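The sequence shown lines up with residues 679 to 725, 733 to 838, 851 to 959, 1024 to 1073, 1077 to 1309 when you count with the authors' numbering.
The beta carbon of each residue, even a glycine, is placed where N, CA and C say it ideally should be.
Okay, structure first, notes after.
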Amino acid sequence: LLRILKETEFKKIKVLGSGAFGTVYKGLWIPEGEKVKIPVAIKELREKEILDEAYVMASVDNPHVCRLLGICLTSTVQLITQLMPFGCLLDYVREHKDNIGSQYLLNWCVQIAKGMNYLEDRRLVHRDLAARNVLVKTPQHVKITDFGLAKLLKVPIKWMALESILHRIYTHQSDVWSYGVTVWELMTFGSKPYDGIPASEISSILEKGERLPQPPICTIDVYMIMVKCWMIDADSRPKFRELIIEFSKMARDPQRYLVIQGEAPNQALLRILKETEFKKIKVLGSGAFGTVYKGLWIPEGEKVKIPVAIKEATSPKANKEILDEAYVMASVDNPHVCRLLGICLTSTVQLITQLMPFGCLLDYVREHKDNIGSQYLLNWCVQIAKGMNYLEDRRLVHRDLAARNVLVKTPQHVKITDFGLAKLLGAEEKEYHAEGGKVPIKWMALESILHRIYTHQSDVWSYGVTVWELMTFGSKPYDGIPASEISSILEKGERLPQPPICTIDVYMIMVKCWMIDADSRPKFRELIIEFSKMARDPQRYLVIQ
Ligand SMILES: COc1ccc(-c2ccco2)cc1Nc1ncnc2[nH]nc(-c3ccco3)c12
Ligand SMILES: COc1ccc(-c2ccco2)cc1Nc1ncnc2[nH]nc(-c3ccco3)c12
């Protein structure tokens, strides 16, 4: 296992690089009694724990993690490892900055995840994961070193987790943070991390919220997963095995999941904003997942203050849900759906979106109950229908279309919000089986109130309920009926009553969304068409007193 070596066995040739404690020398080792000259690397520390440290270093065995081959107890202890002809991965991606594909980068990320998951299985803390600490033997095979501070259980601040910078706690979660920084560096082809800011302040910027920006090569899929680790809560960071299985799922089709200049990729841009860039002025109310505040946002380089709505220790499940919500909201771009300006990666993940001055539609029709015209309501219906049609094309079942989840920006243009519960469906999947949970029971369909099945037709049912709410000028649907008793009274075929302003055609459109047979319910395109025909004469189809 351990080879105690004499200085006479090896002779150095050329210095290859410099490390934190000492420089690595390329040299040829002559084993005792042997003539084969093995090319090895020798590290000399600029200086008996090191005996046991070499023991534990040699104990490792995995093609993605390096093993110390021998030590030499001369005037200063030296470490001998097998030489890697292709150098460090950081310099390699720097040299091939224009000649590296997505497949190679994703494969390298897979290899790093596999190797440090092995290190976790061996129960060793690297404490120094970085792009420079990654070495490549053959371009399709990279494998980690620099275990010189491993213990049985300045400094590279730019690659260190916030708990390591401040509280000096080095666990596998900090290693996951360092892995995320390494993936960032590999994506940027070796660009500096937090370039321009010296190490004395990288703790404050991390605490403030600003993180490593999205590289142009990166999609929102890989990058938001490439963050996943920069929250203060350590447990919220993904474990290594999940990282390997997910990146291997990524490696199946790498071309789609990254963009290289020279199955539609998701080029959505997500930007990280300082907590100091914006201030919470007005409380818009309490959302389903928390409280939403309204305030002016000051962006870098532009003095104009854009009023934005901000939404907010969150549980790891809550963190994953807010991760999915941020992905879904940033991935959409439609005139009638709310878009994500950016996120703040503080201890409580904060969501930054454009503000609508008049508030939500339900409150707007409640306060102005005596003044909405027929054209306003009809155009509102067509706009909500267009928004969820665009959502349907994006395969994001909203699952929460309520009058509270649609906002009034301008009287003639409304937007949909509250994408927290929206789950993206696969290209082959047609239904999603939610495992229950606390939900607005009084709005969902029978197939979701009893069978836990959410589909596009569930969104159609929610659309019908929202139309009924809009035509009722803000009256509460199903007044006095419990949450559990909704299914009992609805399985027969009884529905909400007729608003005073709805003609027979309005109700005939409304009912069809509420049919027991989901497949027989109208699709959103046909509803869009029907309400487009209704828009030719708003005064005919409604009666206003
Ligand atoms: C950061 O690099 C290291 C850190 C630690 C060691 C190590 C571990 C035990 C003995 O040496 C060894 C290396 N480096 C290496 N080990 C083998 N072959 C190598 N070819 N090129 C390098 C290289 C260039 C710049 C940094 O490393 C290198
Ligand atoms: C249910 O409503 C939301 C749910 C989530 C967000 C949000 C903020 C960041 C990402 O999504 C934003 C909103 N709503 C909003 N978005 C823009 N301007 C708004 N003015 N007033 C509200 C408001 C009051 C009660 C519920 O919303 C609102």
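Exercise. At a cut-off of 8 Å, is residue 1190 close to ligand 1 when judged by its beta-carbon and the heavy atoms of the ligand?
Worked result: no
Exercise. Where residue 830 and residue 1038 are concerned, what is the direct C-alpha to C-alpha distance, given to the nearest angstrom?
Worked result: 40 Å
For this session: Identify whether residue 1054 lies in helix, strand or coil by the three-state DSSP scheme.
Result: strand
Exercise. Near ligand 1, which residues have their beta-carbon closer than 6 Å to a heavy atom?
Worked result: 694, 695, 697, 702, 719, 721, 753, 764, 766, 768, 769, 772, 773, 817, 818, 820, 830, 831
Exercise. Do you know offhand how far residue 791's Cα is from residue 879's?
Worked result: 12 Å
Problem set entry | 9 Å Cβ cutoff met for residue 1110 and residue 929 | yes
Problem set entry | residue 1108 CB to nearest heavy atom of ligand 2 below 8 Å | no
Exercise. Is the beta carbon of residue 792 within less than 8 Å of some heavy atom of ligand 2?
Worked result: no
Problem set entry | Element boundaries [alpha helix (DSSP H), containing residue 874] | 869-884
Exercise. Just the Cα atoms here: how many angstroms apart are residue 870 and residue 1113?
Worked result: 18 Å
Problem set entry | Runs of alpha helix (DSSP H) lying entirely within the region 1159-1246, each at least 4 residues, in chain order | 1210-1213, 1220-1235
For this session: Ignore the nearest five residues each way along the sequence and tell me which others in residue 1068's own chain have a CB closer than 6 Å to its CB.
Result: 1057, 1119
Exercise. Is it the case that the CB of residue 1221 approaches a heavy atom of ligand 2 more closely than 8 Å?
Worked result: no
For this session: Just list the beta strand (DSSP E) runs in the region 1078-1164, keeping only unbroken ones of 3 residues or longer that don't cross its boundaries, in chain order.
Result: 1104-1108, 1114-1118
Exercise. First and last residue of the beta strand (DSSP E) that includes residue 1290?
Worked result: No beta strand (DSSP E) holds residue 1290; the alpha helix (DSSP H) holding it covers 1288-1298.
Problem set entry | Close beta carbons around residue 710, own chain, < 7 Å, minus the five adjacent residues each side | 687
For this session: Would you mind sorting residue 925 into buried or exposed? The rule is 16 or more other CB atoms within 10 Å of its CB.
Result: buried
Problem set entry | Same chain only: Cβ atoms within 7 Å of residue 944, ignoring 5 sequence neighbours per side | 791, 794, 795, 798
For this session: Could you pull out every residue in the same chain whose Cβ sits closer than 8 Å to the Cβ of residue 867, ignoring the five residues on either side in sequence?
Result: 810, 812, 861
Exercise. Is DSSP giving residue 755 helix, strand or coil here?
Worked result: strand
Exercise. What are the boundary residues of the alpha helix (DSSP H) that residue 793 is part of?
Worked result: 787-806
Problem set entry | Contact set for residue 874: own chain, Cβ-Cβ below 7 Å, skip 5 residues either direction | 858, 926, 927, 934
Problem set entry | Beta-bridge partners of residue 1047, as assigned by DSSP | 1052
Exercise. Over what stretch of residues does the beta strand (DSSP E) that includes residue 717 continue unbroken?
Worked result: 716-722
Problem set entry | Cβ-heavy atom distance, residue 1034 to ligand 2, below 8 Å | no
Exercise. From what residue to what residue does the beta strand (DSSP E) around residue 1072 run?
Worked result: 1067-1072
Exercise. So, using beta-carbon positions, are residue 1054 and residue 1065 closer together than 9 Å?
Worked result: no
Exercise. Whose C-beta lies closer than 7 Å to the C-beta of residue 754 among residues of the same chain, with five residues either side of it excluded?
Worked result: 681, 718, 765, 766, 767
For this session: Would you kindly check if the distance between the Cβ of residue 1191 and the Cβ of residue 1125 is under 9 Å?
Result: no
For this session: Look at the alpha carbon of residue 1178 and the alpha carbon of residue 852, and state the distance between them as a whole number of angstroms.
Result: 51 Å
For this session: Find out if the Cβ-Cβ distance for the pair residue 1189, residue 1165 is shorter than 9 Å.
Result: no
Problem set entry | Neighbourhood of residue 916 by C-beta, 8 Å cutoff - its chain only, sequence neighbours within 5 removed | 954, 955, 956, 1026, 1027, 1028, 1029
For this session: Under the assumption that residue 1224 contacts residue 1274 (Cβ atoms under 8 Å), give the Cβ distance between them as a whole number of angstroms.
Result: That belief does not hold up - the Cβ atoms of residue 1224 and residue 1274 are roughly 11 Å apart, past 8 Å.
For this session: Could you tell me if the beta carbon of residue 1029 falls within a distance shorter than 8 Å of some heavy atom in ligand 2?
Result: no
Exercise. Any chance the CB of residue 751 is under 8 Å from a heavy atom of ligand 2?
Worked result: no
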